[PDB]
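Taking it in order: structure first as structure tokens, then the write-up.
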Amino acid sequence: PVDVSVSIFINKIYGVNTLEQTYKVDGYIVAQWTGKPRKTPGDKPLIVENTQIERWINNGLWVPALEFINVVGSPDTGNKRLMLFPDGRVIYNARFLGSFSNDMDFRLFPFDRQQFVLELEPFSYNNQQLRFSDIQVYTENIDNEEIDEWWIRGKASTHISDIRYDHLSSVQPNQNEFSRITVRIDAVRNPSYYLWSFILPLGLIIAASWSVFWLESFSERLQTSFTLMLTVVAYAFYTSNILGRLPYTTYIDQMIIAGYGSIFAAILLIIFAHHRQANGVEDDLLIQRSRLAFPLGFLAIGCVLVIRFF
Amino acid sequence: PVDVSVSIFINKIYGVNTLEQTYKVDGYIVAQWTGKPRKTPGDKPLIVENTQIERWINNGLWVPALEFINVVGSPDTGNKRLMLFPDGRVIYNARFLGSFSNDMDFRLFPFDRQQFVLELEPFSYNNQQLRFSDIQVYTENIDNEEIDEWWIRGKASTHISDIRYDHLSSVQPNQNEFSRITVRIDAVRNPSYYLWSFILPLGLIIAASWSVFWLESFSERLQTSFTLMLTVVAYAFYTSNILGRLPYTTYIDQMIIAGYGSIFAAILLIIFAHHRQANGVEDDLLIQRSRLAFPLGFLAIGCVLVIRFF
Amino acid sequence: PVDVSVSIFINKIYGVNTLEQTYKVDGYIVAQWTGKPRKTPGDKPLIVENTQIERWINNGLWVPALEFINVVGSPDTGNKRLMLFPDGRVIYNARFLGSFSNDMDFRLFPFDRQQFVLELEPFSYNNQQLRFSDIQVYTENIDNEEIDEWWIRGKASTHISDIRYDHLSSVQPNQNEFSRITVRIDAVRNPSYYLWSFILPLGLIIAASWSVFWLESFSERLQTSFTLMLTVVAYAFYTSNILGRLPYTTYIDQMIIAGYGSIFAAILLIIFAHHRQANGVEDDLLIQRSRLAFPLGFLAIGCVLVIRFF
Amino acid sequence: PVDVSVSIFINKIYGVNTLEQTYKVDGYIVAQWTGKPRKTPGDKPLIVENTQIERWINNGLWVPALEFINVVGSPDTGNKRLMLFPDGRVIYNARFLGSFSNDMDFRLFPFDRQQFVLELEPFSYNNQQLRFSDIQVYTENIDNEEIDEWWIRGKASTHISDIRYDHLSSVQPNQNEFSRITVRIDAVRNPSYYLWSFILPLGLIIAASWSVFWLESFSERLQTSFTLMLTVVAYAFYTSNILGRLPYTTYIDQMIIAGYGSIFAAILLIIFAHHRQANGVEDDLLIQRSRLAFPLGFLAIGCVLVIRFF
Amino acid sequence: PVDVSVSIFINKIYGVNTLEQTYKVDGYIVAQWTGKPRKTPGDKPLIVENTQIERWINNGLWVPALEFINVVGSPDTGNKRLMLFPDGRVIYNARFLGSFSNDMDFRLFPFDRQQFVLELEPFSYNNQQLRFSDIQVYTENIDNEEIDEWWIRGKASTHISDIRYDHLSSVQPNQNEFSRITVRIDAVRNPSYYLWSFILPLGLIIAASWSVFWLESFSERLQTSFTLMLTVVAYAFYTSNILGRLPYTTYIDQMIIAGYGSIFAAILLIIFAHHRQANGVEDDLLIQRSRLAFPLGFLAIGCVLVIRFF
Ligand code: NA
Ligand code: NA
């Protein structure tokens, strides 16, 4: 097997689409191996740029094709370069730009942590014909910077693993295992936008639905509470436009459902209090003493959720 | 005819667009046949990577082109490989990525079952010149996993059939029949999102439209019922943004229409009860005793629909 | 001139975008002509697949280029095949996939009839150098099936016509006329979706705006009528999202405008009836006897429109 | 310099996107010049189709590259043809399809007039090496027809001008001037859709806000006026979805702002009239005699704007 | 090292997408260096157009590849030209069209200033093998013109810097530093559209929420204030559709939050004033004397923000 030393430089990470759980990575990939010694012009390394490597490949040069595994579509390669040394080592440098994909877990959606994963693998050569010795990832242009709502924390984690493929077992009986490189870059979401944009107005709506209990007439207590309840119900598909149609509820979705239950319980309570007015003149005080307890119960539920979930 | 043995490995399934009834399938296709014996470097199989197969094709190698039938657009192939054996068998390995299409049936839309179908066929060779012997599909990366709202259940079903084409009857008189491979992967939709996102708020809206009957004034019974009816009518195009403009009603569409009929019948009933107040003082009790029967009728209709339809 | 016999097989029709009046057609095109006799391997027809026809074209084979006239963008061709016979006839088979365009006429929009037109023409050869003898269209995969809201009725109509071009008159003095093939496939829209999705809720809204006349108070007659009128006005851009910004009104647009006029005339009538209450106690009966006539007038206008327009 | 005679045939104009001020033009371009006499097969002109012109260019044929200046992206060329005459004239015919761009001026937006401009220029040859003699534009497929909301009026205007480039002054000292062709096709917008779709409902909303003054109670005069004012305010971004975010107001935007001012002045006037009721029983007649003057003032402002602006 | 003199001509700047912080730049790039003297046809410079430079590169011509650093995707190059002089200087002229990217800072969003940055760099040659001598940018087509909401002010600023890459340190031990060109074009946003489209209606909404204090009844003061507060809350995601989901508040976002606080404080104040009516007849004057102070406080906050922030 040949020892291929890979260096990946990440130019920028952009286009993080959480609706499709994809992201776009820009940068250069440098793959280095050693072959037979050759004669170059002078005693200087020879640089073979793009649309000239194919002449060397037709002449008989061994340049392996390294593919990215977790891409959607195909990586849009740009300029590519081949460097040949008189001592006999070949360096393949190319620029990639592809839409990678990774599984994302949105339980704690405003305060969420995922990672961006690049997976590299030879297309045709197994570990008995091509081995990855090591990878150094040079991530300093995005080391501590803020992609539009994501913070990059820590350095990139590298790993080399061998992946066994059973669809190549018929064509390769005992040698169908492929060397792989995984590069993981941790990202932490910035919750500031949601804090000033969705939690702040919805908190004020729920505060108004708390303060409707202080009114002295049934019609004002009823129609304004219905208006606020329908306003909170109108926020149902807020998450589904940012994220996908996930089968689970986030913090924001749970807060919206808590708003549903709060204002619906308020409506049911005031309707029951009006129904208990059998003669139209009896007024209840114990069932209307909840003007402080009901927001206190909401805050208790909120703080228990904050303590337990985080 | 030549015996071509196909192995399809499914990398991932993503981008299931039910509005256009398309989906994207990633993976590799391995096609193997046997030809004449040849001389390779040493006694080892020879690997011919991409942009080098065309040299062998120009030299006179027979590499058939297998196309995908049910794609929209063209499949975006990536790296492709050719493996030549000294015993005389040729293996064509390539990576595909295309937007396939299949007919989908959305009667039971939240609790729906479709399948993802890959159809493979030679472009130019009939069954008298190219036969498909067998296909083994290796589907373990998506075996029991959850695509964004779909569950993959069971193993992939394979079938080999011969398809007769009448547009090739003039150019091929008695031999216009083509061998085909169909790969079917069953998928079951996850109804959790709709259960907590659309059925839960709409159920509470219909519960409020039930509870409006307990009010003691006509204006409160009228304007709140009109507001809830218009709120339910505003949910008319909810399905048409997820699915297409289907000619049939789903479970969700039938529930929305049931909400229409429920709140409209409530409005008609309270208007008729107000109109029967000829002197402005007579109050009706039999026509207003439906405060428990009307939700009971709605629940009876719902449970009969659940029992009969499922 | 050479006699070119064309056979077009339609695989599927999809992506009917009425906003841009385009549609996507999949299938294969088979063009057959006769040339000089040639020697093939054995006495069997020779199949030349893709990226190998150019070798024969460089050697001196005459393969004309047939273009599609009414496409938007360029047709995304896939595999293409060339078949050569020892008797001396050449068959060019290729797969096309393009976004065709045709003029559409949306007067009777829910109950609408357009056709899908494929226009084929040589790019460079006039009728004195290339003639189309006949075309047989093989349309059985979409013969009687339902594209998402369209029904295919009847068989495809074929026509061969000669088209004269005046921009080639300077470069070709008396021979600037080009043979053409037009393939027309009739389509009938399914009105079921609009019937259960837009006509059914809007009919109930107009029925409520009819039933507001039975109320015994001016404020209830006024604010609910204003709410229903604004609800109907909110449906103004419903057609412009499905179709384009057409200069004419459809059935649905005319029904929406009839809703405008109905509820606005109701508002004007109740305001005039309130204004005639000079002393605040006189009640009018003749001007409020229209509770049955006004929906009867709406139904009369509707049935006259249905009889005359259809 | 060589004399190049250009003929442009416009197939169709489609996709007029006023949000980005681009449009798509389909058609063929015929460029004719004269060179040295040559020998063709027989005494007949020789037609060289696509992917065969490059052989003649490698052999030493001078085929200049004409580029389009005002395109966004690159023009998607289709089939291209080369015609060679024994007398020694070369004709280059090709089909283009590109997204052109032009500056648009939306002051009189419903009744607006722009033009579609095609600009053609050699890429590398100045006026001392390539001159454009004349252009004839053959525009009969779109001569008097209606693109989706645009009317083509008059014939296309042609102009030949020389454009001087200062970025080529260092590489070409005294000869950096390039011949150009501009083709202008006037277009007039159809205002029918906006007339029946936006002016008609907004006119009825403003008429209702006029008729609210006839009500005899302050609450009905206030809440309905607020509802209509908020309805008119909701139409603020109607233009920004059709056109761009233009720094100027159109006719429709000015009508919406006039609706703002009208209903806000009505609200201020009724609030001031209620505030002048110091004892709660005094009624004002002079300040409420504006029920005919205020719509008369609105109509006077409208007719002065119509007379002066048009 | 070779001295490469670059001239960049900017044709147009369009498609400024502030949601993704990208923009599209059209124009031509002229790169000039000097090599060995050569023989041309005659004593005239030789122009080598596109798809003919590769013949010279295969023959052994040194044409370096200059890439753009800050692009998203790949630049869509069009025609490219090579000019060879008998004195021995090579000029590479090409047309580029790419979607560049730059960091944007939206604190003062309506009155905002960013710049458009083009970064050019060799792909494979360091400063010891290729130096950039100078760049002249010819920006007269966009010198003082208005891109759709941006004004170009001043002339373009040019800079030449050397960039050190640590991912090439293993393959190039002491020479891994690359020469770069940065071209900066200042842009100033036009705030007119937002001034007449969002600040003008929202200012009138806040003025109405000021004027609700003059009403003499609690229900009119309450329901209209709630309607205006919900209307202002509905404007929460106005910025997120133009810009991104930024973690900071702009001028418009701060004005919307000030509207939240203003109308919520008005609602709390009127509810507290109603609650202080213990007997239902006592009226407060000091707490309702704020009808002039509360808008005065809002204007004071606004003018302090205008003075301090600007
Ligand atoms: Na009300
Ligand atoms: Na409302």
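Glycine gets a Cβ as well: all are built from the backbone with ideal geometry, and neighbour counts include every protein chain shown. Numbers and lists here come from the model and the stated rules, or from a named source; nothing here is a laboratory result.
Residue check: residue E:168 meets all listed conditions (1) in a loop (DSSP other than H, G, I, E, B); (2) surrounded by 16 or more Cβ atoms within 10 Å (Cβ to Cβ); (3) within 27 Å of the chain's Cα centre (by Cα) but one, namely (3).
Step by step: first the residues of segment A:196-212, then only those that are under 28 Å from residue E:278 (Cβ atoms) and more than 16 Å from ligand 1 (Cβ to nearest atom), then the one that is surrounded by the fewest Cβ atoms within 10 Å (Cβ to Cβ). Which residue is that? Ranking the qualifying residues of segment A:196-212, first place goes to A:207.
Note on segment B:230-268: residues that are assigned to a helix (DSSP H, G or I), within 8 Å of chain C (Cβ to nearest Cβ) and either surrounded by fewer than 18 Cβ atoms within 10 Å (Cβ to Cβ) or not β-branched (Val, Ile, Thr) (or both) amount to 7.
Of all residues in segment E:277-293, none are more than 10 Å from chain A (Cβ to nearest Cβ) and buried (at least 17 other Cβ atoms within 10 Å of the Cβ).
For segment E:171-212, the set of residues classified as within 14 Å of chain A (Cβ to nearest Cβ) and either part of a strand (DSSP E or B) or polar (S, T, N, Q) (or both) consists of E:172, E:174, E:175, E:176, E:178, E:180, listed by residue number.
With the structure loaded, tell me whether residue A:156 is buried (at least 16 other Cβ atoms within 10 Å of the Cβ) and farther than 25 Å from residue E:70 by Cβ or whether it fails that test. For residue A:156, the condition - buried (at least 16 other Cβ atoms within 10 Å of the Cβ) and farther than 25 Å from residue E:70 by Cβ - is not met.
Determine whether segment A:103-118 contains at least one residue that is part of a strand (DSSP E or B), in contact (Cβ under 8 Å) with a residue 12 or more places away in the chain and more than 30 Å from residue A:188 (Cβ to Cβ). Taking every residue of segment A:103-118 in turn, none turns out to be part of a strand (DSSP E or B), in contact (Cβ under 8 Å) with a residue 12 or more places away in the chain and more than 30 Å from residue A:188 (Cβ to Cβ). Taken over segment A:92-122, the criterion of being closer than 18 Å to residue A:155 by Cα and either of a type in the set (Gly, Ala, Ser) or within 14 Å of chain B (Cβ to nearest Cβ) (or both) is satisfied by A:117, A:119. None of A:245, A:276 is among the basic types (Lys, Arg) and in contact with a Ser or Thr (Cβ under 9 Å, 6 or more places away or on another chain) except A:245.
Got a sec? Which of E:42, E:78 is within 12 Å of chain D (Cβ to nearest Cβ), small (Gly, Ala, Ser) and part of a loop (DSSP other than H, G, I, E, B)? Criteria check complete, one pass: E:78. All of A:10, A:47 fail the test of being part of a strand (DSSP E or B) and more than 9 Å from every other protein chain (Cβ to nearest Cβ), apart from A:10.
The residue of segment A:178-210 that is farthest from ligand 2 (Cβ to nearest atom), among those that are touching a strand residue (DSSP E or B) at 6+ places or on another chain (Cβ under 6 Å) and more than 17 Å from residue A:112 (Cα to Cα), is A:179. Would it be correct to say that residue B:125 is more than 10 Å from chain A (Cβ to nearest Cβ) and surrounded by 15 or more Cβ atoms within 10 Å (Cβ to Cβ)? So residue B:125 fits the description; yes. Scanning segment B:66-85 for residues that are within 26 Å of residue A:66 (Cα to Cα) and touching a residue at least 40 places away in the same chain (Cβ under 8 Å) gives B:66, B:67, B:68, B:84, B:85. Scanning segment A:24-41 for residues that are without any contact (Cβ under 8 Å) to a residue 40 or more places away in the chain and β-branched (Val, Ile, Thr) turns up nothing. Which residues, counting only those in segment A:211-247, are of a type in the set (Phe, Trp, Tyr), within 16 Å of ligand 2 (Cβ to nearest atom) and within 36 Å of the chain's Cα centre (by Cα)? Hit for segment A:211-247 is A:235, nothing else.
Away from ligand 2 (no atom under 16 Å from the Cβ), outside any helix (DSSP H, G or I) and free of Cβ contacts under 8 Å to residues at least 24 places away in the same chain: does that describe residue C:143? Here the answer is yes, as residue C:143 does meet what is asked.
Please work out if residue D:216 is outside the structural domain of residue D:68 (by TED's automatic domain parsing) and part of a loop (DSSP other than H, G, I, E, B). Judged against the criteria, residue D:216 is a match. The number of residues in segment D:213-229 being surrounded by 20 or more Cβ atoms within 10 Å (Cβ to Cβ) and either touching a residue at least 60 places away in the same chain (Cβ under 8 Å) or more than 9 Å from every other protein chain (Cβ to nearest Cβ) (or both) comes to 2. Scanning segment D:51-78 for residues that are surrounded by fewer than 18 Cβ atoms within 10 Å (Cβ to Cβ) and among the polar types (S, T, N, Q) yields D:51, D:52, D:58, D:59, D:74, D:77.
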